[PDB]
Every structure is written in structure tokens, then in C-alpha cells.
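Following: one structure in C-alpha cells, then a few remarks.
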Amino acid sequence: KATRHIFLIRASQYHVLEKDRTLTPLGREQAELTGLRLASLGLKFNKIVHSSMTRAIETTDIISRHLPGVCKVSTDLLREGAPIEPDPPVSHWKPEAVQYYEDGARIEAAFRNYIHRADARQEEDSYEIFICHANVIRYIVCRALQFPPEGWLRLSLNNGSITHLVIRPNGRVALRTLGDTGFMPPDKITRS
Amino acid sequence: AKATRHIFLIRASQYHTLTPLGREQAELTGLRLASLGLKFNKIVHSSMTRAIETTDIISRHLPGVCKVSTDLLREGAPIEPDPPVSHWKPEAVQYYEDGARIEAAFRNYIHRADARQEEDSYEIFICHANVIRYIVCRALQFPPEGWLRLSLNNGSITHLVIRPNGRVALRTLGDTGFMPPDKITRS
Amino acid sequence: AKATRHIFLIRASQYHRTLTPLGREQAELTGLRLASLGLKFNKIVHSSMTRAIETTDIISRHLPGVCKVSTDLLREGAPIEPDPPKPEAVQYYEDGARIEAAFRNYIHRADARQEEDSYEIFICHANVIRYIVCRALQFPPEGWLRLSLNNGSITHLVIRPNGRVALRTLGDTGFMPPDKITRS
Amino acid sequence: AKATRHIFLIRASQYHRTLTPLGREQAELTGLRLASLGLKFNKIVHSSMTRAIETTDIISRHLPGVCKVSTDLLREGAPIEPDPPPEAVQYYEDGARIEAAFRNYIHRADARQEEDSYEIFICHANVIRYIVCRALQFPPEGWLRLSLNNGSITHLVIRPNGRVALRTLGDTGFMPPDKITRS
Amino acid sequence: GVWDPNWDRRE
Amino acid sequence: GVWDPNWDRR
Amino acid sequence: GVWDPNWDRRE
Amino acid sequence: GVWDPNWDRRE
Amino acid sequence: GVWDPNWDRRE
Amino acid sequence: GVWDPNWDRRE
Ligand SMILES: [Mg+2]
Ligand SMILES: [Mg+2]
Ligand SMILES: [Mg+2]
Ligand SMILES: [Mg+2]
Ligand SMILES: [Mg+2]
Ligand SMILES: [Mg+2]
Ligand SMILES: [Mg+2]
């Protein structure tokens, strides 16, 4: 009966040990802007589910400041990884078969557990924020639209961008926006 | 082919010709495009009234960018969507002609840079919802029948990048983050 | 669909990309002929290429009050690899799609809205017209280069309301003095 | 083969039997046109049908000194059942005859022929349309998808490599519109 | 070779 | 390349 | 629909 | 889902 | 080698 | 019932 609005937010620009892979100052500004935008949409968000990676945790802290009273939830399922071998293959980055073997199962589990039509027990349209990472979100988008998942690398997502998926109670999926950063000043938009 | 092509597909603003809100939307889209700090090569636009109006408003913020009209980018029915929508059922003749035309648009405008192109290009294509979504599905080599699995707001910016080796990246789809939420529409 | 469509496909006159002096004289001869046919033409659709627009202007002088329309669909191109055989494949890939779109949108039986017979003038280019003709007759399109059209020529297609197609003239330039007939 | 063959297939003018008065006028206009092209014609091959002989005589006055030749092969008939839609025997008989006409008259130049030839073939609607479909290697059953005015000029070019170009079909631009007929 | 009567749809 | 209506089994 | 270069048997 | 590198005929 | 009775299209 | 030596992708 309900429709689910899924807002996938990519972590802001960060420093490239994971613990020391924290947001850059520009990343802080980007997350600040994203929080401003989310707060200005006038929506009552149900949850902020976020990856357990440092940069996702920090982007979540900043965004959560603008959405007081929104439940926060941590997940290992949403951590960044290598979902499937991309086609066409990209040569600078080429993970080992083990990374596909592990991360594909984990990220596919994430897609199946979080991307679905509302449960029949659901009362009203939901508005949910998912703060995670580039590869994860791109794979989620390919899977949700039932496009070949090997094409996740055909997408590109700016830091702090908002990707809006809509799942109607009949299971149909609409991608209403991908990589939205129009709310950021152009000089502060990054992909890395 | 050494240059990269940046294609900005803009959906026509809200219409009944443009509504008052639609004209405001085109104003916002033009402001954003001009504030990106890019030197645009051309504005290719559908020859439909609302496309001409959106182009007129946007062009004021990008004076001196060549403008081009085309019938190829006019709105139409590219192919039967999958899954079916039972609120919109054009006839076979419409798919037959409009698919040929929209596919011609895709082939003529979406490609890697010509060998003679020396510098990266930034090009604006102002057209329509179905055309843009079909263009997007084809450029990414996704099943075109899924063009209706996408949704585009009025005046939104869709950023496509074509690398000189033929690789295609969808940098953004339906971007309207530059408009006040209360001014965003799909119809 | 109770009306019949008469389609007059005119090839652009000689050009260099403006018309040559001879090309303009050719366009004048074509316009005189069209005006002397004793027909009331509904529209003039023309390619947006320079020479097509110039030939259209010249012809339009003799057809006062006839609606004029420009299209990118009718611009010259390489529709398919001719058989028997040289452009690059990218050109076939782009131009074939566009020329086929032109054919599908402009060559068909009369629409239900059309009650009376129409006479329509299409000013384009050699390859476009020849491809249109091969398609309209349901002849193998790969043979479009087995046809040849002089500059300023008139090709008369008739599409009957039941979808049947008759080619009544192809490449007619008998109205031009032989010393002014050219193919390039 | 070294030379190129230029073939002018001309439909007999309007007739009743013999030519109508308008038919005679049409044949006169066609002869005028051919004489005004500035070509030295090699031969005039014509069907042996009354109307073909009449159009040939009229045209011939304007091209005197051009060899005249008669053929029964070029006589009118029904070559094939057209697609889209005469007893089966007429297709059976006339198809063989018109196919023979096509094979004997439409081909690349003989190797001995040194200079380009320009030949006029005065015959009939069905024969010419079938000839054109065959020469272009288009489906012959589509011969009825073409239409030819009385006295019209159809120009075929056969290059010494056997490739064929159709330059004009049913040309009557040299006639005043009020004198153009198809029957 | 065989005419398609629905070449333009519209049949 | 055809849409599955039961992708989420729901 | 392949062009036959020997249609007239004179190649 | 397997990419054609000659999709635009400019490879 | 079997005789066709409609050889002349007149059966 | 054959053992896969690369079950964990680490050979
Ligand atoms: Mg902070
Ligand atoms: Mg990330
Ligand atoms: Mg639109
Ligand atoms: Mg031309
Ligand atoms: Mg050809
Ligand atoms: Mg006759
Ligand atoms: Mg004729």
C-alpha cells in the first residue's frame, strides 16, 4: 500500500588505514550542503541507515545535525566493495577475484535487504536516507532498475550527491535522480 | 579522438507553451548552467514550442553560445516500455516513426569526439522526457525498453560524458538540486 | 484515409556551398514547370542544407502562398552501403537512421484527417530521394545507387489511400534545355 | 567491353489501332526532344505493333539517317502476375517473350564496340516497366509499381562493367502538361 | 519480392 | 532483457 | 538481394 | 550486459 | 520423366 | 562429489 522513497547519499570527499580515511575539509562542506538540502525538502525521514566506514560515519554525523530526531542505523552490508567485474573493464583499478567473491555477496545482500517494495504491514510512504559509497550505490541502481549489474561502472556519482529511487507498492521502480549535486556551488563538486 | 564530449541533456520546463512556473524553472536552469564555469559549444534544441521557450530563457544566460534547432529531438514514443504502463498506449505507427527518429537523434548526437576535435566540448541538448531517457539507456548500452524506468523533472540537467575511447559515464540524471524544492515538477 | 497523396521529390540544383549560376537557372526551370502543372500544392518541405534552401527559395517564387517547411531529416547522407559498390561506416550508421526516419515520417498513405488529395513538394538531395524511392516501391534499399537523378529533377510518387505506391516519374528534367542539364 | 550503352525506352503515344491526334502530337514532341539532345543515335528498335510503328515513323522524321529496326519481341504483353495484385497462359507466353526482349536488348556493350552508343527503343508500357525492373535487378513482380506516360522517355545506362543506372523514368517534361496522357 | 500491405502501418 | 515483476519476491 | 555482376553473361 | 566498444562506429 | 498435362497452361 | 580446491579463491 505504501511507496518507499530511497535517498542514496555518497560519502563526501575524504582522505585517501581506514580509520585515517576521514573527510577532507571540502568533504565537510559538501556534507554540510547535503544536510541543508535534505532538511530543505520538507520531508519527515524515517531512518538514516549508513555504512560503517569512517567517511560514511562522518558524512552521517554532519547530515544528522540538520535532521534532528531521525533514527540512525549502522550496517556492515553497505561498506564499499567490488560488486562484480565491470564491463567494459577499467584497467587502472582491477580488484582480485577474492574481492569480487566476498564483496559481491555482501553488496547483493545489501541490495536485497534494503531495496524492495514496502512490507504489507507498512503504514505510509516512507522517506529513508542511505549514506554509503560509490560502487555500492551504483550497483544498487543497476539492480533496482534490472539493468545489467556489470554496468555499475557506467555510472558516476559526485561526493555528497543524492540519488533518489522510488519503489511503488506494485514493485515498479523509478529512478527520479542520480548524482544530484545541483545544491552545491560548482567549485565544490568532486568525484574524488 | 582525444577530446571528451560533455552532453548536458535538459528537459523542457513545465508547460500547459510554458507555464509561469516553467519559465521560472528555465530561469533557474540557465543560471545554474552559466554558473558552472564552462564554455559551451552549442545549444541543440528540439523544435517543439516548449523546447524553444526553454531554450529562449536559458540562452539569455549563455549569450554567444551557438543555438541549433532540430526535428530529431522532438518528443515521441521511442519503443514500447518494459514493464508496460497501462495509462499510456500509443499505436504501432507512432513507435514505428518516432523510434526511427529518436534513434537517429541518439546516433547523430551521442558518440565519441571526431578525430579532428582538438579540445573537450561542452554541449547542451534541450529536449524532452522520453527522448532524454531513451538516449540515456542507449548511451549506457542498457536495454532501451527500460527508458520508462527513469523519471526526469522539468528543467532538470542530465550530464553524460563520452571518453575518447568510447566509454560512456552517466555523471548525473534529472539533477534539479539547484531549484527550490517547492518549484520542482515532473508534469 | 480516403485521399491520395502526390509527392514531388525535387533534387537540389547545381552547387559549389551555394548554388552555381546554372543551378539557380535550373531551379527556376523546375519552379516554372511545377507552377505550370495546374496543381494546387499544399506544402513545400525542404532539407535545411544551403543548396536545398536556395533551390526552395527559387521554386517558392513561382508557388506563391504555398507553405514552406524545413527539416534536418531530409539532409543528404549515406543511407546504406550501395550494392554493387566509399564512405566510412560511421556515416552509414548515422545517416541511415536519419534518412529512414525521414522516409517513415513523410512517405505513407494519407492520414485519417486528410479528406482531399494533396500535392506536396519535397526538395532534398540525390541519395535521399533515391533511397526514398527504393523504399516506397519495396525494392531492395541496398540498390538506391542504381538510380540517378539530375539536378533540379522531379520525381513523382503517388501513394493511394490503400497504401499502394506508384512511381509515375523519376528524375524528370525534360523541361530543362539539354545544355542546362547536370548531375553534379 | 569498353563502351557504355545509353538506352532510351520510349512508350508509344496515345492511340485509339492507330495513334489519336493527340498521340501524333505527343510523338512529335518526343521526336523534337530527342533531336534537341545533341546526340548521334545508333538505332531505333521498335515493336511491330501499329502504335509503336506510328510513333517510330513520327520520331524518325526528326532523326533522319538513324537506322530503323522492327522486333516482335518488344510487342506488348503481360510479363508476370504483378505483386501487389489475364489467364495464366498469357503470363506463361508473354513472359518468355518479354524476357527474351530484355535479354537480347538490355546488356553491356559488345567488346568490338569502340565508341559509346545511343539507342532508342520505341515500345509499350508493360514491356518497358518490366525491362526497368530486370535491368535494375529489382523484383520483376513490381513492374506494376511503375507508371509511364505516353511518349515518355526512360533512360538506362549500362557501363562496360555491367553496372546499370536508371537516369530517368517516364520523362515527359518536354510536353505541355495539357498534352500528357497515360491512356 | 512480396508486397507488405502494412509497410506504413496505417492498414 | 525483460522486466521481472517478482524481483523482490513480494 | 545481391547484385549479380554477370547478369548479362558478358563478364 | 556485455559492452560493444564499436557502438558508435568510431573505434 | 512424368508427363505434365498442363504444359501449355490450358488444362 | 568432487572437492573444489579454489572454493575460497585463494590458491
Ligand atoms: Mg564538522
Ligand atoms: Mg565513496
Ligand atoms: Mg518534455
Ligand atoms: Mg543533392
Ligand atoms: Mg545501389
Ligand atoms: Mg503502350
Ligand atoms: Mg511517365
Side-chain angles (χ1 to χ4, degrees), chain C residues 6 8 10-11 26 29-30 32-39 82-85 126 130 133-150 152-159 162-163 165-179 181-182, chain D residues 6 8 10-11 26 29-30 32-39 82-85 125 129 132-149 151-159 161-178 180-181:
Chain C
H6 294 265
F8 295 80
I10 282 77
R11 182 180 171 195
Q26 289 170 339
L29 283 161
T30 306
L32 279 164
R33 182 55 173 189
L34 290 165
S36 75
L37 298 176
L39 294 167
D83 182 36
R130 286 179 292 179
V133 168
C134 287
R135 296 284 292 100
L137 301 180
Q138 300 190 25
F139 288 158
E142 310 89 7
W144 62 271
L145 206 40
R146 304 170 197 175
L147 312 178
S148 178
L149 305 185
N150 300 327
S153 314
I154 299 177
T155 290
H156 187 179
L157 266 183
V158 182
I159 315 182
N162 65 349
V165 173
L167 179 66
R168 227 152 78 186
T169 203
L170 179 126
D172 180 42
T173 66
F175 55 75
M176 296 191 184
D179 54 320
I181 298 181
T182 57
Chain D
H6 294 264
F8 298 80
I10 298 185
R11 183 180 173 195
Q26 291 170 341
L29 286 163
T30 304
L32 280 165
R33 181 56 173 190
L34 292 168
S36 74
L37 300 179
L39 294 167
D83 182 66
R129 283 177 290 178
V132 169
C133 286
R134 297 284 291 99
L136 305 185
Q137 300 191 26
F138 291 158
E141 309 89 7
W143 63 270
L144 206 41
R145 305 170 197 175
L146 310 177
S147 177
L148 303 166
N149 298 328
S152 61
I153 302 174
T154 291
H155 186 178
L156 266 182
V157 178
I158 307 83
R159 298 292 182 192
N161 64 349
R163 287 181 184 169
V164 178
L166 177 65
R167 198 158 288 163
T168 73
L169 182 70
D171 184 329
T172 58
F174 54 78
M175 297 190 191
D178 56 321
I180 297 181
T181 62

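All values below come from the heavy atoms of this structure, side chains included, with hydrogens, waters and symmetry mates left out. Just so we're on the same page: letters track the sequence lines, and every chain starts at 1.
- For the pair C:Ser36 and D:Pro176, the minimum side-chain heavy-atom distance is 4.5 Å or more.
- Note that CG of C:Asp179 is 11.0 Å distant from CG of D:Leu37, once rounded to the nearest 0.5 Å.
- Here the shortest heavy-atom pairing between D:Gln137 and C:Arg146 reads O-NH1, 3.7 Å.
- D:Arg33 places a side-chain N or O within donor-acceptor distance of the main-chain N or O of C:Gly174, the cut-off being under 3.5 Å.
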### Message
The test is side-chain contact (heavy atoms from CB on, under 4.5 Å); show your working for D:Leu136 and C:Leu147 and say whether it passes.
### Response
CA-CA 8 Å; D:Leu136 305 185; C:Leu147 312 178; 3.9 Å; yes
### Query
Could you walk me through whether D:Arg167 and C:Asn150 pass the side-chain contact (heavy atoms from CB on, under 4.5 Å) check?
CA-CA 8 Å; D:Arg167 198 158 288 163; C:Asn150 300 327; 4.1 Å; yes
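- The minimum heavy-atom distance between C:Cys134 and D:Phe138, with the atom names listed, is SG-CZ, 4.0 Å.
- One finds the CG atom of C:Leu167 at 11.0 Å from the CZ atom of D:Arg129 (value rounded to the nearest 0.5 Å).
- Within the model, atoms CG of C:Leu170 and CG of D:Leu148 stand 11.0 Å from one another, a figure rounded to the nearest 0.5 Å.
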